[PDB]
Structures are given as C-alpha cells and as structure tokens.
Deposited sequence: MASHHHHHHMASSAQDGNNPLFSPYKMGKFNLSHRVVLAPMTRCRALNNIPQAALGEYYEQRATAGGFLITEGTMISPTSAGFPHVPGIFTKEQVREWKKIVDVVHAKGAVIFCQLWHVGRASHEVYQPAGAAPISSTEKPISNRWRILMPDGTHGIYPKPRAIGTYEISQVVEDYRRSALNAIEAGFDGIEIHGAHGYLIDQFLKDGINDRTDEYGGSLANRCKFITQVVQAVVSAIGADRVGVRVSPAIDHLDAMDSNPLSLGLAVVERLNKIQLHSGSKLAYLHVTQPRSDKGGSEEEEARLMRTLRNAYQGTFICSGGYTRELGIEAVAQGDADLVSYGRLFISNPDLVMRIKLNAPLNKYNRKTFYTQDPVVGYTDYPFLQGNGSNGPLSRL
C-alpha cells in the first residue's frame, strides 16, 4: 500500500500519506475554539499523520460561516493551544488553515453589519445562498472593493495570524486561496476586474496571493507554510477563463518565492472539481500543475482508498487529503490500511452547532 510509505514534508517525517482535509464544522461557538474541537481532532490524529484544521479567521471581518474559530485574539490562541497539545500527544502534525471569506459573507457575520470586503463590488450571484446562524439561507450582499492600503493590511492580518498559530504550537499554517473566497476573488478573471496593479493582467491578479505567501513565509519560514488553490473549481462564481494557465501562473510564483527565500514551501494543496466522462481531462490538469511545481503536492477532492492509492502509485501526488470520509470515519487511516468498510456521513450535521451529534459520535472500528 503506497499510502503508508514514509514521506518527508518540510522538516516533518510522516508515517503515511492520508491527510485530514480542512473542514469547517461550525462547532467553535463565538469564534472561540471549544473542547469539542479537541475531542474531534484527537479522534482523527495518528502517529505521524498530517492534519489540517478547519478554516480559521484572520480578522473580525474574515468570517462567512457561523461559529468558525479564530486565531487573531489571545483568547483564541490559548484555546487553540490545548487542542494542539492533545493532537501532538498522539504524534501527529497539525496545520492551521488561515481563511478569509472575502465577499462570501453577510452583514450578520460582519462587525456593525458592515459590507464584506473583496477585490470588486460584484456580488455573488443569486444562484448561491449563504447559510445563516438560524439555519436558513440568505442573500450575498454587495461587497466593498478595497484599495491597496487595505490590501497590505489584510496581508498584515495573515502574517499576524501565522505568528499566533505558531504561538499556539501549530506546526505550520495553510493559506486558503481556493473555493472562491478572498484570495480566489483576486485570482479569477470572472471576479477580478480591477484597473489597478492588482487586476487586469494574469501577473497582476496573482499579486495578492504572492504577497500573502511572501508575508507568512517571512514570518514563520517557508517550511511551515502550505498553500491551497482550486483553479478548476467554480464555487461561488469563481470562474477563470483559463484555469490551467491560472494554476501554472500561481505555481510559477510559488517556485519563485522558494528560489528567492532559499527554502521550499511545505506543500501545494489543490482540490479538483471531480464531476461523467471528463475524468481524464481533470486528471491531466492536476498532473500538469504537479509536474510544474518544485515541491510537495497534495491532491484533494472526491478521493477514495483506491483512487488515493493510485494517486501515489503513478506519482500524481505525494499526499492525499480526505474530506467527508474523515467526518464519518475518525479512524479513517486505520480503515484504509486494513481495507475495512467505511461508514456513511450525515450531511445534515455538517454545519450544526452540537458538540457531539454528527461531530464526535461517529464510532471507531470494533
């Protein structure tokens, strides 16, 4: 089983290649990590396994989901530390995902009901609705297009949050630049139409992610920094006219940062759209991005035991991250090793607030 051969990612020697994909679950009430998160991440931690936490706020204006944890207050750091200590006690590596939703928010998630921020003033289309704290679905409001001073301050929020994550004991951080959130709202030409230096050309639309990655690398080092993108995913109207060229342009900048900083990033994390008879074309795009990047490649999206085994066997990726199957299988790593049948997941309790129901009450193997 190639999924259980050792792999060295950064300065961390991993015992296997099954990775916990970052997953918002909305159990961190009042944006403070709760003890339920400690139990939840401990259930899934293994000796030498790599975990990525749910998306974590970098500022009071970065949230777009109810009760998502933060890492911008000292109170959040101290609560985050107890969860990291329990995960490390099992011998696992854990990264905190820094997540700014940009325009994918609502006045109920913003201080003083202010408009969310983005690269443009174009709102998300009415085909998509935002989950509200009461379980209903609302309309995405018109975002506010930030200037370059505010851009450098958001970059400052990323750098400040990365240090807070290291202060809490995290092994590193992942930059969430996918799924149509803030960083993706600058990358994709379907959204970014600015006439300044952050929009227009392909290189200009890559400036924001470059400066964010440059800031966290300068603060904590490239070996503790991962980057997640999804150029081929149109989630929340995140459509680019050339997903391959966008991904390649992003990869070339990650390489350039590695050459300049003299160290390699932790990894490149890419999620594919899946979704038919287009499996060969979607696999070619992911392999093209992998072959272009000098470093570790993590593939994500609709992966199974057999699909993940083949991903490492043919060299399409070095690590494979699992999302929904890890929700319903806390011992998913052990189940993949023994080829034991997996349990189904309940979508209704993905985003609920109960600290046990649909969160930590999925049984292990008997």
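Peer 1: What residue ranges of the deposited sequence are absent from the coordinates?
Peer 2: Counting from residue 1, the stretches without coordinates are 1-18, 294-295, 387-397.
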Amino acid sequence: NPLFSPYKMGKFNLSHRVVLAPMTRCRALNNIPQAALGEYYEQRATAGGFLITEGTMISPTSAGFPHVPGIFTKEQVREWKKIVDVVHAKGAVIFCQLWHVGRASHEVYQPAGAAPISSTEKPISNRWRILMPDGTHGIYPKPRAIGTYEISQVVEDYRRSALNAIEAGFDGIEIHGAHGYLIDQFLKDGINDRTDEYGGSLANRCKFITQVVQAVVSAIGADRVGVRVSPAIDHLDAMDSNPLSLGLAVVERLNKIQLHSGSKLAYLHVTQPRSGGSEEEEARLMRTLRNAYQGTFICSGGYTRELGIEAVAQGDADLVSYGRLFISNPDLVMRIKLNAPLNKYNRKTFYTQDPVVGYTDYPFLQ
From here on, numbers count along this sequence of modelled residues.
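Peer 1: Hey, does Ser278 show up as a hole in at least a third of the other compared models?
Peer 2: Across the other compared entries, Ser278 is absent from at least a third.
Peer 1: Averaging the C-alpha B factors as listed in the entry, name the stretch that ends up higher: 21-29 or 7-15.
Peer 2: The stretch with the larger average C-alpha B-factor is 7-15.
Peer 1: Would you mind comparing 276-284 and 260-268 for me and telling me which has the higher average C-alpha temperature factor in the entry?
Peer 2: Stretch with the higher mean C-alpha B-factor: 276-284.
Peer 1: Can you tell me which of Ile58, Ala47, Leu325, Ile298 has the maximum CA B-factor listed in the PDB entry?
Peer 2: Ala47 has the highest C-alpha B-factor of those listed.
Peer 1: Per the entry, which of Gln153, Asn126, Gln97, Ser161 tops the list for Cα B factor?
Peer 2: Comparing C-alpha B-factors across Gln153, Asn126, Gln97, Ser161, the maximum falls on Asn126.
Peer 1: Against its chain's modelled residues, does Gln314's Cα B factor rank lowest, middle or highest third?
Peer 2: According to the entry, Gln314 has a C-alpha B-factor in the chain's highest third.
Peer 1: Looking at the temperature factor on the CA atom of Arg305, which third of the chain's modelled residues does it land in?
Peer 2: According to the entry, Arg305 has a C-alpha B-factor in the chain's highest third.
Peer 1: Split the chain's modelled residues into thirds by Cα B-factor; is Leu338 in the lowest, middle or highest one?
Peer 2: Middle third, going by the recorded CA B-factors of the chain.
Peer 1: Looking at the C-alpha B-factor of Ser119, is it in the lowest, middle or highest third of its chain?
Peer 2: For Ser119, whose C-alpha B-factor we compare with every modelled residue in the chain, the answer is the middle third.
Peer 1: Comparing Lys207 with the other modelled residues of its chain, is its CA B-factor in the lowest, middle or highest third?
Peer 2: Lowest third - that is where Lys207 ends up once the chain's C-alpha B-factors are sorted.
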